[PDB]
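A.B. asks: Chains as they are written, first to last, in this note's numbering: chain A, 50 to 110; chain B, 2 to 412; chain C, 2 to 412; chain D, 1030 to 1100. Quick reminder that beta carbons are idealized off the backbone N, C-alpha and C, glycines included. Pasting a structure below so you can have a look.
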Ligand SMILES: N[C@@H](CC(=O)O)C(=O)O
Ligand SMILES: N[C@@H](CC(=O)O)C(=O)O
Ligand SMILES: N[C@@H](CC(=O)O)C(=O)O
Ligand code: NA
Ligand code: NA
Ligand code: NA
Ligand code: NA
C-alpha cells in the first residue's frame, strides 16, 4: 500500500520540479493526504489488468 | 577606495540594489548561483558581528553593573520585563487583528479532522531558571551562552563595586586595575563594531541578495496574503505602539529612528538578534543611554522580546487554520496570544527559529503537525519564511531599544 | 643538580646520545619497551611547550598589532605571503631535483595501470577563509584554534591603538590597563618558555630515543634512498635558499643559526611547528625582531609555510611513481609542485600530518590510493615517516624565522 | 575476463615470482600427490581428469568451492 505515492517522487524528479522546494513538498503533502483513497481504485485496476493480461494470453495459447 | 561614502547611504544603497539583483536573479532561476557566489560575503558580515558579541556583552555588563546601584538594576529589570511582556502580548493581538482584516489561508480549501492530541505541553521552567546561573563562567563565555554570561557580569560588577568601599586600599587598587581593563575591552569592541559596519554595505547587499533570490518567488497568492498582513502589521507596531510609547515617555520618536538605522538595518538583513547585538548596543551608547541599563536590557531583549516573531506567529497560526477552514474563535484566539508570547520568548535569536517555534503555537490550538494538510500549509509558510524573518527581526530589535530608552528615561 | 651546565650543550648532548640509545635499543628489538619507558619524558616536554602556545600567541599579537601601524601589518603581511609561497614552491622543485638526482623507488619493480579517477578535487577555499573569522574568540582560544585567534588579536591590537587616540582620557586609562596586563601575560610566557627548555635536554633525548627506536631499522634499501634524497634535499634548501636570501638581505647567515638552535632543535625533535612556536617566537624576540612582526609571521607560517613538508611531498610522490614505473615527466612534474605546495600549506602543524597529506598529492597525478601496489609503496613511506618528519619540521620552522628576519629588515 | 583485467598487470618482478612459485607448486601437487595416489589406489589418473574438467574449470574460474559444488 501507497509505495506508489512514494514512487510518485521519481516521476516528479524526472521533470523540472525538485522535492526540496516547500511548495513542491507542500502540494505533495496534500496528495499524501488523499493517498490510500487513490490507492484503492489504483490497486483494483493493477490486478484487473493482470487478469485480463492472463485470460487474453491463454485464449491465445 | 570609496574613499568613504557615508554608511547609511551605502548600506541603504546595497539593500535596495541587491534586493533587485536578488529578485531578478531569483525569479530567473539562479538562486543557487546566488547562494554560491554572493552569499559568503553576506556571511562574512554576520561572522564579524558575532565575533564581538561575547566580549562586548560581558565587558560592558561588568562595568555597567559596577557603575549602577544593585537597587536600580533590580528596578530597571522588573521594569523591562513587565514592559517586554506587555509589548510581546500586544504584537500577537495586533497580528490576529491583521489576519482577521486580511485573510491569508482562507481561499485555500483544505480541511482535516483530528486532534488535540492529547496534548502534552509544559515548558520545564525550573530547569530554564537554574540554567541562567552558569557553573563555569569561563565555560559559558567559551561557547555562546549569553544569558548565563549576563548573570555573571551582573554578579561581578556588583562585587567589584563593593571592593572599592573596603577598608584596605590595596584591594581597591586591584579592583580598579580589573574594572579598568574590562572597560578597556568593552570600549575596544565598540571600536570594532564600527570596523565591521564599513563592511555592512557589502554584507547588506549580499544578504537580501540571497534572501530575496531564494524566497521572493514564493510570495504569491494566499502566501503573498500572509506577507502583507504580517508586514503591514509589523509596521503598524512600530507606529501604533513604539512611537506612541516614545512620544508618551517624551523621547523623540523620529529622532529615535534618527539614532539609526544601523541596528534597525543589521536586524533586518541578518535576521539574527544575537548577531545584531553589537550594533544594537553601539546604538544604545551612541544615543546616550546608560551602560548599566543598556548592557542588560539589550542582551536580555535580544532573546526574551521578539515582538515581530509573536506577530507572525499570530498571523501564521491563522493561515494554517484558515487553509483547513478550522475557525478558531473565542477561546483559541485568546490561547494564541498566550502561547505565541510564550513561543517567541521563547524563540531563539537566530534565523527562522521563530518559524520552528510556530509549531508550539499550532499544537496549542486544535491542529497537530502530523496531518498532511496541516503540514502541507506549514510547508508553504516555510517557503515565505526568510522573507517574513527580516521584518520580524527588525522589530524584535526596535522594541528592545525603545524598551531600553523608555526605561532609562525613568531612572 | 647539573648544577646548570649550558642548554645547547645538554640538548645537543641528549640528541646525539638518545639517537644512539634509540637505534641500539630499536634495532635490538625493544622499541615497544622505549615507547613505554622513555616516551612519557619526550612527551612531558611537548606538553609544557604546548601549554604556552595559546596565551603567548594571543597576548603577543595584541601588543604587536597595537605597537605598529595598521598600514605596516598590511605591508609586512603581503610580503611574508608572497615570500612564503615562493619558498614553498622552490622546495618541491628542490625535492623533484633530488629524486631525479638520487633514484628512490626505481629499482623496485611493481607496476599498476588504472586512473585517475575521475578525480574529484577543489579545496573549499570559501569556507577556510570565512573560518579565519571566529565567532567566539573566547571559544577559539579555549580550544586550540590558532588562525582564528590571530585574526582577533590583530583586530584587538588595532582597536586599542585607536582608543589611546580618543578624546576622553578615561578610556585611554582603561586602554592601557588592558594592553599592559595583556603584555603582562605575553612577557610572562616568554619567561616560562625558558622554564621548560631547561627540561628540553631530557625531552629531546627521550623524543629521538623513541622515533629512532621505532623507525630507524626501516631506513634500508630503497627507503634509505628516499631518506638520503629528502635529507640531502633539506640541508640544501638551508644552504642554497636561506643563507643566500639572508646574505642578500644583509643579515648574517651564520649569526642566524647562531640565534639558535633552540627553535631549530625543538622543530626537529617534536616534529611539531605548533609545539615549537613558543621557542620559535622567543628566538624572534631574543634576536631583536620587533613584536609587531614576529608574533604575526611565526604563528601564520607555523601552519602556512611548510618548506620541509612540501619537499618530502615531492620526493615521496616520486618514490611511489618509480616503484610502479609510472613515469611522470612534463605536465605532472609541474603539477606536483602546485599540489605539494597546496598540500603543505595545507598540512597541519603536528606530527606526520604531512605524510597523511601525501595522499592528496598522489591523486593529483595518475595513481589512486586504492590500488595494492600504490598502497604497498605508501605503506613503506609511513615506516620511514617520522624520520623524514624530523628534518621536514626543522626546515618548516627555519623557513619562518628567515621569512620573518628578512621581511623585518625591510620594515 | 575481469580477474585477468584487474590483476594480470600486477604479475611482475618479485610478484610474478610468487606466481611462478605457487603455480608450478600447484601443478606439482596434481602430478606428485594425486596422479600418484590415483595410480596407487588403482584408479586411472588420466581417465580421472578425463571425468572433467567441468568441476576443474568452474573451480578455477569462480574461485568458489562452494559455488562449484553442484558441478
Ligand atoms: N531570526 C529571528 C527569530 C524569528 O523570528 O524567526 C530573530 O533574530 O529575532
Ligand atoms: N611534523 C611536521 C609536519 C610534517 O611534515 O609531517 C611539522 O610540524 O611541520
Ligand atoms: N577461492 C578459494 C579460496 C582461496 O584459496 O582463497 C576457494 O574457493 O577454494
Ligand atoms: Na529581540
Ligand atoms: Na526568543
Ligand atoms: Na611552519
Ligand atoms: Na600546513
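Does any CB atom of chain D fall closer than 7 Å to the CB of residue 222 (chain C)?
C.D. replies: Position 221 of the third chain, counted from the first residue, corresponds to residue 222 (chain C). No, residue 222 (chain C) does not count as interfacial toward chain D.
A.B. asks: Got a sec: does ligand 1 put a non-hydrogen atom nearer than 6 Å to the Cβ of residue 397 (chain B)?
C.D. replies: Within the second chain, residue 397 (chain B) is the residue found at index 396, counting from 1. Yes, the Cβ of residue 397 (chain B) comes within 6 Å of a heavy atom of ligand 1.
A.B. asks: Can you say whether residue 213 (chain B) is buried or exposed, counting buried as having 16 or more other CB atoms within 10 angstroms of its CB?
C.D. replies: Position 212 of the second chain, counting from 1, holds the residue named residue 213 (chain B). So residue 213 (chain B) ends up on the buried side.
A.B. asks: What does a CB cutoff of less than 8 Å around residue 404 (chain B) pick up in its chain, not counting 5 residues either side in sequence?
C.D. replies: Residue 404 (chain B) sits at position 403 when you count from the first residue of the second chain. So the qualifying residues of the chain are 81, 84, 85, 88, 298, 302, 306.
A.B. asks: Roughly how many angstroms lie between the CA atoms of residue 202 (chain C) and residue 169 (chain C), to the nearest whole one?
C.D. replies: Here the question's residue 202 (chain C) lines up with position 201 in the third chain. Here the question's residue 169 (chain C) lines up with position 168 in the third chain. When rounded, the distance between both Cα atoms is 52 Å.
A.B. asks: From which residue to which residue does the alpha helix (DSSP H) around residue 230 (chain C) run?
C.D. replies: Stepping through the third chain from its first residue, residue 230 (chain C) is reached at position 229. First-last of the alpha helix (DSSP H) with residue 230 (chain C): 223 to 238.
A.B. asks: What's the call for residue 1063 (chain D), buried or exposed, on a 16-neighbour Cβ count within 10 Å?
C.D. replies: Within the fourth chain, numbered from 1, the residue matching residue 1063 (chain D) stands at position 34. Flag for residue 1063 (chain D) reads exposed.
A.B. asks: To the nearest angstrom, report how far apart residue 99 (chain A) and residue 362 (chain C) are at their CA atoms.
C.D. replies: The residue you call residue 99 (chain A) lines up with position 50 of the first chain. The residue you call residue 362 (chain C) lines up with position 361 of the third chain. Taking the straight line joining both Cα atoms gives about 59 Å.
A.B. asks: Consider the C-beta atom of residue 427 (chain B) and the heavy atoms of ligand 5; say whether any pair is separated by less than 6 Å.
C.D. replies: The displayed coordinates of chain B run from 2 to 412. Any statement about residue 427 (chain B) would go beyond what the structure contains.
A.B. asks: If you check the beta carbons only, do residue 15 (chain B) and residue 205 (chain B) fall under 7 Å apart?
C.D. replies: On the second chain, position 14 is the one that residue 15 (chain B) refers to. On the second chain, position 204 is the one that residue 205 (chain B) refers to. Yes, Cβ-Cβ distance for residue 15 (chain B) and residue 205 (chain B) is below 7 Å.
A.B. asks: Any chance the CB of residue 274 (chain B) is under 6 Å from a heavy atom of ligand 4?
C.D. replies: Numbered from its first residue, the second chain carries residue 274 (chain B) at position 273. Yes, ligand 4 has a heavy atom inside 6 Å of this Cβ.
A.B. asks: Nearest CA to the CA of residue 348 (chain B): which residue from B:369, B:390, B:264?
C.D. replies: Walking along the second chain from the start, residue 348 (chain B) turns up at place 347. The shortest Cα separation from residue 348 (chain B) among B:369, B:390, B:264 belongs to B:390.
A.B. asks: Could you check which residue in C:385, C:52, C:311, C:341 has the C-alpha nearest to that of residue 1 (chain C)?
C.D. replies: For chain C, the structure presents residues 2 to 412; residue 1 (chain C) sits outside this window and is missing.
A.B. asks: Counting contacts by CB-CB distance shorter than 7 Å, is residue 56 (chain A) in contact with chain B?
C.D. replies: Translated into the one-based positions of the first chain, residue 56 (chain A) becomes position 7. Closer than 7 Å: no.
A.B. asks: Can you tell me which of B:117, B:167, B:94 puts its alpha carbon nearest to the alpha carbon of residue 341 (chain B)?
C.D. replies: Position 340 of the second chain, counted from the start, is the residue given in the question as residue 341 (chain B). Checking every option, the nearest Cα to that of residue 341 (chain B) belongs to B:94.
A.B. asks: Mind checking residue 101 (chain C): buried by the 16 CB within 10 Å criterion, or exposed?
C.D. replies: For the purposes of this step, residue 101 (chain C) is taken as residue 100 along the third chain, with counting starting at 1. Under this definition residue 101 (chain C) is an exposed residue.
A.B. asks: Three-state secondary structure (DSSP) at residue 388 (chain C)?
C.D. replies: Reading the third chain from its first residue, position 387 is the one you call residue 388 (chain C). Residue 388 (chain C) falls in the helix class under three-state DSSP.
A.B. asks: Using a threshold of 6 Å, is the CB atom of residue 393 (chain B) nearer than that to any non-hydrogen atom of ligand 1?
C.D. replies: Stepping through the second chain from its first residue, residue 393 (chain B) is reached at position 392. Checking every heavy atom of ligand 1 against the Cβ of residue 393 (chain B), one is found closer than 6 Å.
A.B. asks: Is the beta carbon of residue 211 (chain C) sitting closer than 7 Å to the one on residue 36 (chain C)?
C.D. replies: Walking along the third chain from the start, residue 211 (chain C) turns up at place 210. Walking along the third chain from the start, residue 36 (chain C) turns up at place 35. Closer than 7 Å, so yes.
A.B. asks: For the segment 346 to 360 of chain B against the segment 59 to 78 of chain A, do three or more pairs of beta-carbon atoms, one drawn from each stretch, fall closer than 8 Å, so that the two count as touching?
C.D. replies: Output reads no: the segment 59 to 78 of chain A does not touch the segment 346 to 360 of chain B.
A.B. asks: Would the beta-carbon of residue 348 (chain B) be found less than 6 Å away from any heavy atom of ligand 1?
C.D. replies: Numbered from its first residue, the second chain carries residue 348 (chain B) at position 347. Yes, Cβ of residue 348 (chain B) sits closer than 6 Å to a heavy atom of ligand 1.
A.B. asks: Return the first residue and the last residue of the alpha helix (DSSP H) that residue 16 (chain B) is part of.
C.D. replies: As a first step, residue 16 (chain B) must be located in the second chain, where it is residue number 15. From DSSP, the alpha helix (DSSP H) with residue 16 (chain B) extends over 8 to 28.
A.B. asks: Please name the residues in the segment 357 to 384 of chain B whose beta-carbon is closer than 7 Å to at least one beta-carbon of chain A, in chain order.
C.D. replies: Against chain A - using a Cβ distance shorter than 7 Å - the residues of the segment 357 to 384 of chain B are 373, 374, 376, 377, 380, 381, 383, 384.
A.B. asks: Less than 7 Å separating the beta-carbons of residue 408 (chain B) and residue 77 (chain B)?
C.D. replies: If you number the second chain from 1, residue 408 (chain B) lands on position 407. If you number the second chain from 1, residue 77 (chain B) lands on position 76. Cβ distance < 7 Å, so residue 408 (chain B) and residue 77 (chain B) count as in contact.
A.B. asks: Using 10 angstroms around the beta-carbon of residue 157 (chain C), count the other beta-carbons present and answer buried if the total reaches 16, otherwise exposed.
C.D. replies: If you number the third chain from 1, residue 157 (chain C) lands on position 156. The residue in question, residue 157 (chain C), is buried, as its Cβ has 16 or more Cβ neighbours within 10 Å.
A.B. asks: Is the Cβ-Cβ distance between residue 19 (chain B) and residue 209 (chain B) less than 7 Å?
C.D. replies: Within the second chain, residue 19 (chain B) is the residue found at index 18, counting from 1. Within the second chain, residue 209 (chain B) is the residue found at index 208, counting from 1. In this structure, residue 209 (chain B) lies closer than 7 Å to residue 19 (chain B) by Cβ.
A.B. asks: Given the structure, does residue 145 (chain C) come close to ligand 2, in the sense that its CB is under 6 Å from one of the ligand's heavy atoms?
C.D. replies: Here the question's residue 145 (chain C) lines up with position 144 in the third chain. It does not: the Cβ of residue 145 (chain C) is nowhere closer than 6 Å to a heavy atom of ligand 2.
A.B. asks: Closest Cβ-Cβ distance between residue 140 (chain C) and chain B: below 7 Å?
C.D. replies: Your numbering for residue 140 (chain C) matches position 139 in the third chain. So yes, residue 140 (chain C) belongs to the interface.
A.B. asks: For the pair the segment 169 to 179 of chain C and the segment 167 to 184 of chain B, tell me if three or more CB-CB distances fall below 8 Å.
C.D. replies: Verdict: yes, contact present.
A.B. asks: Check this for me: beta carbons of residue 324 (chain C) and residue 106 (chain C), under 7 Å apart or not?
C.D. replies: Residue mapping note: residue 324 (chain C) aligns to position 323 of the third chain, counting from 1. Residue mapping note: residue 106 (chain C) aligns to position 105 of the third chain, counting from 1. Yes, these two residues count as a Cβ contact at 7 Å.
A.B. asks: Give the secondary structure of residue 314 (chain B) by DSSP, where H, G and I count as helix, E and B as strand, and everything else as coil.
C.D. replies: Translated into the one-based positions of the second chain, residue 314 (chain B) becomes position 313. Residue 314 (chain B) falls in the helix class under three-state DSSP.
A.B. asks: Flag residue 302 (chain C) as yes when its Cβ comes closer than 6 Å to any non-hydrogen atom of ligand 2, and as no otherwise.
C.D. replies: Mapped onto the third chain, residue 302 (chain C) falls at position 301. No, the beta carbon of residue 302 (chain C) sits no closer than 6 Å to any heavy atom of ligand 2.
A.B. asks: Under 8 Å between beta-carbons, which chain A residues line up against residue 219 (chain B)? List them in chain order, please.
C.D. replies: For the purposes of this step, residue 219 (chain B) is identified with residue 218 of the second chain, where counting begins at 1. Simply 71, 72.
A.B. asks: Note down the Cα distance separating residue 288 (chain B) from residue 272 (chain B), rounded to an integer number of angstroms.
C.D. replies: Along the second chain, read from residue 1 onward, the residue named residue 288 (chain B) stands at position 287. Along the second chain, read from residue 1 onward, the residue named residue 272 (chain B) stands at position 271. The straight-line gap from Cα to Cα measures roughly 23 Å.
A.B. asks: Excluding the 5 residues flanking residue 295 (chain B) on each side, which residues of the same chain have their C-beta closer than 6 Å to its C-beta?
C.D. replies: Locating residue 295 (chain B) in the second chain gives position 294, where the first residue counts as 1. Answer for residue 295 (chain B): 285, 405, listed in chain order.
A.B. asks: So, are the CB atoms of residue 47 (chain C) and residue 196 (chain C) less than 7 Å apart?
C.D. replies: As a first step, residue 47 (chain C) must be located in the third chain, where it is residue number 46. As a first step, residue 196 (chain C) must be located in the third chain, where it is residue number 195. No, these two residues do not count as a Cβ contact at 7 Å.
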